[PDB]
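Throughout, residue positions are numbered sequentially from 1 according to the sequence presented.
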Amino acid sequence: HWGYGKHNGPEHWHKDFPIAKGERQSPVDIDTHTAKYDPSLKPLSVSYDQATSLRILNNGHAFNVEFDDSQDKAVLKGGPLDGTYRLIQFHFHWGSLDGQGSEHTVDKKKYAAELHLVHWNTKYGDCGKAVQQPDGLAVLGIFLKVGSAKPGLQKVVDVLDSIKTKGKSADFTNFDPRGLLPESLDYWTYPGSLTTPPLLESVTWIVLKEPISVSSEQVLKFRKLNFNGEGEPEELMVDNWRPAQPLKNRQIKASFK
Ligand SMILES: N=Nc1ccc(S(N)(=O)=O)cc1
Ligand SMILES: [Zn+2]
């Protein structure tokens, strides 16, 4: 099945998922000179005060921190969004080296990693129904660069030894995702897709301009995870990013002048 290797990676995905060559695929390169400030964008509201984390899971492609989304507890509103989007999970994409790992790029610059906070539109009742709609999901993307440690990330980093291999999970309650945000909420936005199979074209992307800084030691611990299951030959979980896809008939809008 699909992955990030030579034999099952992004260049192969179109065979099982023909939408891979579609009209609104993600990620994309953000050309900062071509992105236009949009005054019609309303203020972006990240309301994570009552977020209730449950569990962390190695799914063989990345690790997901999962949230209780049975009520409006952690939500994203405003900006390009109509209505309320509920946080369901976050995960990261990262590289084998500090010079690659992000999915989105900014004037062709690749960051060391990218955080995706995944939200679904509550008008569709559940995330499974939402992902079948053009305005079903909103993903908040945050770049990671290597520098100073991110204190709010360390609790994630410390649990990774317990979920080394595919299918392993651990309790992960009382994690505050507000500790992963940068100071500024300036962003770019465009209509796109999931960046992994099934590549469904159901995502409003909101990509923050300001990266967060994480330490070399923090990212090195991401790179000790395994794509493989327990007892199987070790394949380090690195370079789990899809490269930039054609922008086609899309405009990237900026929230800032
Ligand atoms: N669980 N399905 C998915 C959710 C988010 C993404 S991404 N990478 O586009 O944020 C991919 C798949
Ligand atoms: Zn992602």
Side-chain angles (χ1 to χ4, degrees), residues 26-38 41 43-46 48 51 62-65 74 76 78-80 87 89-119 138-158 160 175-190 192 195-196 203-223 225 237-245 247 252-257:
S26 295
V28 299
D29 180 56
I30 299 164
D31 185 331
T32 63
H33 302 286
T34 304
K36 195 183 178 195
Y37 168 66
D38 187 349
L41 292 169
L44 187 71
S45 175
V46 187
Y48 287 170
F63 63 87
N64 291 344
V65 174
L76 184 63
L87 178 66
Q89 57 108 320
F90 72 77
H91 62 272
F92 301 81
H93 306 261
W94 62 93
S96 51
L97 308 144
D98 294 353
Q100 63 190 36
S102 66
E103 298 210 300
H104 293 88
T105 58
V106 181
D107 298 330
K108 303 294 178 86
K109 179 189 174 64
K110 296 174 170 77
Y111 288 86
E114 187 172 329
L115 166 59
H116 290 163
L117 294 129
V118 181
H119 312 74
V139 184
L140 182 57
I142 304 179
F143 297 117
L144 281 63
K145 64 184 280 183
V146 173
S148 308
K150 191 72 169 173
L153 185 59
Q154 193 56 34
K155 282 174 185 294
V156 172
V157 170
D158 293 324
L160 297 183
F175 180 77
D176 185 357
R178 292 177 295 184
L180 300 174
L181 304 177
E183 284 180 10
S184 179
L185 296 178
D186 286 350
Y187 66 86
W188 297 282
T189 184
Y190 75 97
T195 68
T196 59
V203 182
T204 301
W205 277 96
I206 298 168
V207 177
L208 299 191
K209 177 166 174 179
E210 186 170 24
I212 61 167
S213 286
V214 303
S215 67
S216 186
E217 293 86 356
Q218 288 177 318
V219 69
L220 281 162
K221 291 181 179 194
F222 283 25
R223 299 184 187 129
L225 290 164
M237 184 179 283
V238 296
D239 293 317
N240 58 350
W241 51 277
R242 189 191 196 190
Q245 301 301 306
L247 190 60
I252 302 177
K253 294 301 195 184
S255 75
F256 56 91
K257 274 187 277 278

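Distance check, rounded to the nearest 0.5 Å: CD of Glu210 to CD1 of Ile212 gives 10.0 Å. Expressed to the nearest 0.5 Å, how far NZ of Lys110 lies from CG of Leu97 amounts to 12.0 Å. Between the CG atom of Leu41 and the CZ atom of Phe256 there is a distance of 11.0 Å, given to the nearest 0.5 Å. Considering OG of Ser96 and CG of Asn240, their distance stands at 10.0 Å, rounded to 0.5 Å.
Residues satisfying the side-chain contact (heavy atoms from CB on, under 4.5 Å) criterion with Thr34, sequence neighbours excluded, are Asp31. Legend: residues meeting salt bridge (charged side-chain N to carboxylate O under 4.0 Å, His left out) with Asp176, ordered by chain and number and at least two apart, are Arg178. Partners of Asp98 under the salt bridge (charged side-chain N to carboxylate O under 4.0 Å, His left out) rule, at least two apart in sequence or in another chain, are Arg223. Remark: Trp94 engages no residue in a side chain to side chain donor-acceptor pair (under 3.5 Å) (not counting sequence neighbours). Under the rule for a side chain to side chain donor-acceptor pair (under 3.5 Å), the partners of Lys253 that lie at least two apart in sequence or sit in another chain are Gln251. Every side-chain contact (heavy atoms from CB on, under 4.5 Å) that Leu247 has, sequence neighbours left out, goes to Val28, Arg250, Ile252. With sequence neighbours excluded, no residue forms a side chain to side chain donor-acceptor pair (under 3.5 Å) with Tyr187. Taking the side chain to side chain donor-acceptor pair (under 3.5 Å) definition, one finds that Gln245 meets it with nothing, sequence neighbours left out.
Between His93 and the options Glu103, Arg242, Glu114, a side-chain hydrogen bond (donor to acceptor under 3.5 Å, both in side chains) holds for only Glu103.
Here the side chain of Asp29 pairs a donor or acceptor atom with the backbone of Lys108 at under 3.5 angstrom. In this structure, the side chain of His119 engages the main chain of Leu117 through a donor-acceptor pair within 3.5 Å.
In this structure, the side chains of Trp188 and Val106 come closer than 4.5 Å at one or more pairs of heavy atoms. Contact annotation: the side chain of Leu180 never approaches that of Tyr48 to less than 4.5 Å [non-hydrogen atoms, C-beta and beyond]. Considering only heavy atoms from C-beta on, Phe222 stays 4.5 Å or farther from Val238 through its side chain. Using a 4.5 Å cut-off on side-chain heavy atoms (C-beta onward), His91 and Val118 make contact.
Nearest heavy atoms, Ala138 versus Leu76: CB-CD2, 4.2 Å. The two residues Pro211 and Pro182 come nearest to each other via the heavy atoms O-CB, 4.1 Å. Minimum interatomic distance between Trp241 and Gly101 (heavy atoms only, all atoms of both residues): CB-O, 3.4 Å. When all heavy atoms of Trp205 and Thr195 are compared, the pair lying nearest together is CZ2-CG2, 3.8 Å. Contact detail for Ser26 and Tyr190: the closest heavy-atom pair is OG-OH, 2.8 Å. Shown here for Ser184 and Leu208, the closest heavy-atom pair between the two residues is O-CD1, 4.2 Å.
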With a cut-off of 3.5 Å and sequence neighbours excluded, list every side-chain donor-acceptor pair involving residues 141-155.
unit_1: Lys150; atom_1: NZ; unit_2: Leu181; atom_2: O; d: 3.2
unit_1: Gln154; atom_1: OE1; unit_2: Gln218; atom_2: NE2; d: 3.0
unit_1: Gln154; atom_1: NE2; unit_2: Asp158; atom_2: OD1; d: 2.9

